[PDB]
$ cat start_18.pdb   # PDB, C-alpha atoms
ATOM      1  CA  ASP A 339     -32.732  42.162 -24.544
ATOM      2  CA  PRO A 340     -31.427  40.983 -21.145
ATOM      3  CA  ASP A 341     -28.894  43.733 -20.431
ATOM      4  CA  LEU A 342     -31.169  46.567 -21.578
ATOM      5  CA  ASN A 343     -34.206  45.296 -19.639
ATOM      6  CA  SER A 344     -32.767  46.233 -16.282
ATOM      7  CA  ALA A 345     -34.795  46.538 -13.097
ATOM      8  CA  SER A 346     -34.445  50.328 -13.294
ATOM      9  CA  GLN A 347     -35.272  50.604 -16.998
ATOM     10  CA  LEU A 348     -38.445  48.562 -16.506
ATOM     11  CA  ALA A 349     -39.437  50.725 -13.528
ATOM     12  CA  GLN A 350     -39.694  53.790 -15.784
ATOM     13  CA  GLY A 351     -41.888  52.006 -18.318
ATOM     14  CA  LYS A 352     -39.038  51.282 -20.752
ATOM     15  CA  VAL A 353     -38.843  47.743 -22.137
ATOM     16  CA  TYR A 354     -36.484  46.860 -24.979
ATOM     17  CA  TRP A 355     -36.882  44.355 -27.814
ATOM     18  CA  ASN A 356     -34.211  43.414 -30.353
ATOM     19  CA  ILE A 357     -35.112  42.480 -33.931
ATOM     20  CA  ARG A 358     -32.108  41.176 -35.858
ATOM     21  CA  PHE A 359     -32.566  39.883 -39.401
ATOM     22  CA  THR A 360     -30.873  39.671 -42.793
ATOM     23  CA  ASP A 361     -32.197  41.169 -46.008
ATOM     24  CA  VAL A 362     -32.361  39.446 -49.390
ATOM     25  CA  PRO A 363     -29.574  41.110 -51.411
ATOM     26  CA  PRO A 364     -30.118  41.504 -55.156
ATOM     27  CA  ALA A 365     -27.793  39.185 -57.076
ATOM     28  CA  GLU A 366     -26.283  41.910 -59.216
ATOM     29  CA  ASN A 367     -23.148  39.888 -60.067
ATOM     30  CA  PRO A 368     -23.771  36.152 -60.507
ATOM     31  CA  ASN A 369     -20.323  34.690 -61.103
ATOM     32  CA  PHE A 370     -19.842  31.480 -63.071
ATOM     33  CA  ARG A 371     -16.466  29.733 -62.958
ATOM     34  CA  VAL A 372     -16.056  27.280 -65.836
ATOM     35  CA  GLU A 373     -13.121  24.874 -65.878
ATOM     36  CA  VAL A 374     -12.207  22.241 -68.441
ATOM     37  CA  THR A 375     -10.704  19.305 -66.575
ATOM     38  CA  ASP A 376      -9.658  15.730 -67.283
ATOM     39  CA  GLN A 377     -11.044  14.061 -64.171
ATOM     40  CA  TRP A 378     -13.869  12.119 -65.846
ATOM     41  CA  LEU A 379     -11.803  11.453 -68.972
ATOM     42  CA  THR A 380     -11.179   7.856 -67.885
ATOM     43  CA  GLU A 381     -14.941   7.423 -67.476
ATOM     44  CA  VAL A 382     -15.029   6.523 -71.189
ATOM     45  CA  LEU A 383     -13.506   3.102 -70.638
ATOM     46  CA  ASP A 384     -16.434   0.907 -69.521
TER      47      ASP A 384
ATOM     48  CA  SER B   2     -51.504  52.295  24.980
ATOM     49  CA  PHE B   3     -50.125  54.872  22.582
ATOM     50  CA  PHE B   4     -52.229  53.386  19.781
ATOM     51  CA  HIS B   5     -55.008  50.787  19.830
ATOM     52  CA  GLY B   6     -55.764  49.538  16.336
ATOM     53  CA  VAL B   7     -54.202  48.567  13.016
ATOM     54  CA  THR B   8     -51.233  50.660  11.848
ATOM     55  CA  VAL B   9     -50.560  50.324   8.111
ATOM     56  CA  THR B  10     -47.483  52.371   7.197
ATOM     57  CA  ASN B  11     -45.774  52.760   3.836
ATOM     58  CA  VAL B  12     -42.090  52.772   4.704
ATOM     59  CA  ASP B  13     -40.932  54.224   1.318
ATOM     60  CA  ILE B  14     -37.343  52.968   1.266
ATOM     61  CA  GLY B  15     -36.934  52.060  -2.380
ATOM     62  CA  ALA B  16     -34.042  53.077  -4.598
ATOM     63  CA  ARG B  17     -35.148  55.830  -6.950
ATOM     64  CA  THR B  18     -34.719  55.772 -10.714
ATOM     65  CA  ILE B  19     -32.729  58.524 -12.429
ATOM     66  CA  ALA B  20     -33.572  59.628 -15.966
ATOM     67  CA  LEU B  21     -31.742  61.738 -18.533
ATOM     68  CA  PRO B  22     -33.091  65.318 -18.525
ATOM     69  CA  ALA B  23     -33.105  66.447 -22.177
ATOM     70  CA  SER B  24     -31.021  65.303 -25.127
ATOM     71  CA  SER B  25     -31.257  68.216 -27.578
ATOM     72  CA  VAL B  26     -33.166  71.423 -26.848
ATOM     73  CA  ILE B  27     -31.813  74.171 -29.083
ATOM     74  CA  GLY B  28     -31.581  77.710 -27.771
ATOM     75  CA  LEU B  29     -31.993  80.208 -30.596
ATOM     76  CA  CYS B  30     -31.709  83.995 -30.785
ATOM     77  CA  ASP B  31     -31.755  85.699 -34.183
ATOM     78  CA  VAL B  32     -33.412  88.876 -35.401
ATOM     79  CA  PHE B  33     -36.932  89.136 -36.804
ATOM     80  CA  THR B  34     -39.463  91.780 -37.780
ATOM     81  CA  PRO B  35     -42.417  92.001 -35.366
ATOM     82  CA  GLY B  36     -45.752  92.854 -36.914
ATOM     83  CA  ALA B  37     -49.126  91.425 -37.873
ATOM     84  CA  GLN B  38     -48.229  87.972 -39.202
ATOM     85  CA  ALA B  39     -45.558  87.398 -36.527
ATOM     86  CA  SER B  40     -47.281  86.171 -33.369
ATOM     87  CA  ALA B  41     -44.248  86.649 -31.105
ATOM     88  CA  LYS B  42     -43.022  89.568 -28.972
ATOM     89  CA  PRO B  43     -39.443  90.778 -29.559
ATOM     90  CA  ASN B  44     -37.996  89.617 -26.220
ATOM     91  CA  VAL B  45     -39.970  86.686 -24.747
ATOM     92  CA  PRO B  46     -38.915  83.090 -25.473
ATOM     93  CA  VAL B  47     -41.178  81.064 -27.747
ATOM     94  CA  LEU B  48     -41.294  77.277 -27.527
ATOM     95  CA  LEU B  49     -41.044  75.872 -31.050
TER      96      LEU B  49
END

$ encode --input "start_18.pdb" --output "structure tokens"
Amino acid sequence: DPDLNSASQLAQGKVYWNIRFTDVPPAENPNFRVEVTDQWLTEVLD
Amino acid sequence: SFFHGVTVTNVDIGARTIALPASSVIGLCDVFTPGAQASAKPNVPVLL
């Protein structure tokens, strides 16, 4: 960390490291959105 | 010739670091029964 590793914090033997990360959340609600469309209905012409 | 020789002097003009004294030291005073199993005296402070 740049702002927490000051010249006075390092002089007391304090040096700071930042570890940011993201967990793997459990997919407890997998949503599926089904739609019936007529977009590829003209695909049965050739 | 007030001095003849090398003069190595530490000038000591740095800026000092200031630290926080103590975050949470809890002062406690409640009654107890002094005896055999209790190792404390009924008025002196005991660091716990």

$ atom_distance --input "start_18.pdb" --atom1 "CA of residue 348 in chain A" --atom2 "CA of residue 360 in chain A"
28.8 Å

$ resolve_selection --input "start_18.pdb" --expression "the ChimeraX specification (/B :<10) & /A" --output "PyMOL selection string"
chain A and resi 345-350

$ write_last_selection --input "start_18.pdb" --atoms "C-alpha atoms" --output "PDB file, in the coordinates of the input"
ATOM      1  CA  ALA A 345     -34.795  46.538 -13.097  1.00  0.00           C
ATOM      2  CA  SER A 346     -34.445  50.328 -13.294  1.00  0.00           C
ATOM      3  CA  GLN A 347     -35.272  50.604 -16.998  1.00  0.00           C
ATOM      4  CA  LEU A 348     -38.445  48.562 -16.506  1.00  0.00           C
ATOM      5  CA  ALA A 349     -39.437  50.725 -13.528  1.00  0.00           C
ATOM      6  CA  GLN A 350     -39.694  53.790 -15.784  1.00  0.00           C
TER       7      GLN A 350
END

$ residues_around --input "start_18.pdb" --residues "range 341-344 of chain A" --least-positions-apart "4" --cutoff "8 Å" --atoms "only C-alpha atoms" --output "VMD selection string"
chain A and resid 348 352 to 354

$ axis_aligned_box --input "start_18.pdb" --around "range 34-39 of chain B" --padding-each-side "8 Å" --output "AutoDock Vina command-line options"
--center_x -44.3 --center_y 90.1 --center_z -37.3 --size_x 25.7 --size_y 21.5 --size_z 19.8

$ atom_distance --input "start_18.pdb" --atom1 "CA of residue 37 in chain B" --atom2 "CA of residue 49 in chain B"
18.8 Å

$ atom_distance --input "start_18.pdb" --atom1 "CA of residue 11 in chain B" --atom2 "CA of residue 351 in chain A"
22.5 Å

$ resolve_selection --input "start_18.pdb" --expression "the PyMOL selection byres ((chain B and resi 42-46) around 10)" --output "JSON list (two decimals) with C-alpha atoms, in the frame of the given file"
[["chain", "number", "residue", "atom", "x", "y", "z"],
["B", 28, "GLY", "CA", -31.58, 77.71, -27.77],
["B", 29, "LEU", "CA", -31.99, 80.21, -30.60],
["B", 30, "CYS", "CA", -31.71, 84.00, -30.78],
["B", 32, "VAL", "CA", -33.41, 88.88, -35.40],
["B", 33, "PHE", "CA", -36.93, 89.14, -36.80],
["B", 34, "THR", "CA", -39.46, 91.78, -37.78],
["B", 35, "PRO", "CA", -42.42, 92.00, -35.37],
["B", 36, "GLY", "CA", -45.75, 92.85, -36.91],
["B", 39, "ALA", "CA", -45.56, 87.40, -36.53],
["B", 40, "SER", "CA", -47.28, 86.17, -33.37],
["B", 41, "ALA", "CA", -44.25, 86.65, -31.10],
["B", 47, "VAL", "CA", -41.18, 81.06, -27.75],
["B", 48, "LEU", "CA", -41.29, 77.28, -27.53],
["B", 49, "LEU", "CA", -41.04, 75.87, -31.05]]

$ decode --input "start_18.pdb" --residues "range 339-381 of chain A" --atoms "C-alpha atoms" --output "PDB file, in the first residue's frame"
ATOM      1  CA  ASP A 339       0.000   0.000   0.000  1.00  0.00           C
ATOM      2  CA  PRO A 340       1.529   3.371  -0.969  1.00  0.00           C
ATOM      3  CA  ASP A 341      -0.315   5.646   1.462  1.00  0.00           C
ATOM      4  CA  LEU A 342       0.065   3.303   4.442  1.00  0.00           C
ATOM      5  CA  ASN A 343       3.781   2.663   3.829  1.00  0.00           C
ATOM      6  CA  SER A 344       4.811   6.123   4.918  1.00  0.00           C
ATOM      7  CA  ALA A 345       8.349   7.106   5.852  1.00  0.00           C
ATOM      8  CA  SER A 346       7.292   7.248   9.511  1.00  0.00           C
ATOM      9  CA  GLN A 347       5.374   3.962   9.491  1.00  0.00           C
ATOM     10  CA  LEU A 348       8.361   2.155   7.978  1.00  0.00           C
ATOM     11  CA  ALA A 349      10.681   3.710  10.573  1.00  0.00           C
ATOM     12  CA  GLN A 350       8.820   1.915  13.378  1.00  0.00           C
ATOM     13  CA  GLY A 351       9.035  -1.460  11.650  1.00  0.00           C
ATOM     14  CA  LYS A 352       5.478  -1.339  10.273  1.00  0.00           C
ATOM     15  CA  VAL A 353       5.040  -2.278   6.610  1.00  0.00           C
ATOM     16  CA  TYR A 354       1.594  -2.791   5.099  1.00  0.00           C
ATOM     17  CA  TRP A 355       0.436  -5.184   2.379  1.00  0.00           C
ATOM     18  CA  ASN A 356      -3.023  -5.265   0.801  1.00  0.00           C
ATOM     19  CA  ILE A 357      -4.591  -8.525  -0.385  1.00  0.00           C
ATOM     20  CA  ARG A 358      -7.819  -7.934  -2.300  1.00  0.00           C
ATOM     21  CA  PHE A 359      -9.620 -10.873  -3.898  1.00  0.00           C
ATOM     22  CA  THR A 360     -13.069 -12.234  -4.715  1.00  0.00           C
ATOM     23  CA  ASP A 361     -14.519 -15.478  -3.408  1.00  0.00           C
ATOM     24  CA  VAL A 362     -16.350 -18.105  -5.453  1.00  0.00           C
ATOM     25  CA  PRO A 363     -20.009 -17.691  -4.427  1.00  0.00           C
ATOM     26  CA  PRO A 364     -22.182 -20.814  -4.374  1.00  0.00           C
ATOM     27  CA  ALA A 365     -24.734 -20.690  -7.192  1.00  0.00           C
ATOM     28  CA  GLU A 366     -27.737 -21.211  -4.956  1.00  0.00           C
ATOM     29  CA  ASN A 367     -30.216 -19.749  -7.477  1.00  0.00           C
ATOM     30  CA  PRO A 368     -29.397 -20.545 -11.115  1.00  0.00           C
ATOM     31  CA  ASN A 369     -32.031 -18.676 -13.101  1.00  0.00           C
ATOM     32  CA  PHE A 370     -33.122 -19.845 -16.543  1.00  0.00           C
ATOM     33  CA  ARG A 371     -35.182 -17.505 -18.722  1.00  0.00           C
ATOM     34  CA  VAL A 372     -36.963 -19.384 -21.509  1.00  0.00           C
ATOM     35  CA  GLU A 373     -38.690 -17.465 -24.292  1.00  0.00           C
ATOM     36  CA  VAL A 374     -40.593 -18.773 -27.291  1.00  0.00           C
ATOM     37  CA  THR A 375     -39.918 -16.422 -30.186  1.00  0.00           C
ATOM     38  CA  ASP A 376     -40.514 -16.287 -33.928  1.00  0.00           C
ATOM     39  CA  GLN A 377     -37.140 -14.951 -35.035  1.00  0.00           C
ATOM     40  CA  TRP A 378     -35.867 -18.121 -36.735  1.00  0.00           C
ATOM     41  CA  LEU A 379     -39.328 -19.039 -38.022  1.00  0.00           C
ATOM     42  CA  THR A 380     -38.418 -17.865 -41.530  1.00  0.00           C
ATOM     43  CA  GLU A 381     -35.345 -20.110 -41.386  1.00  0.00           C
TER      44      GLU A 381
END
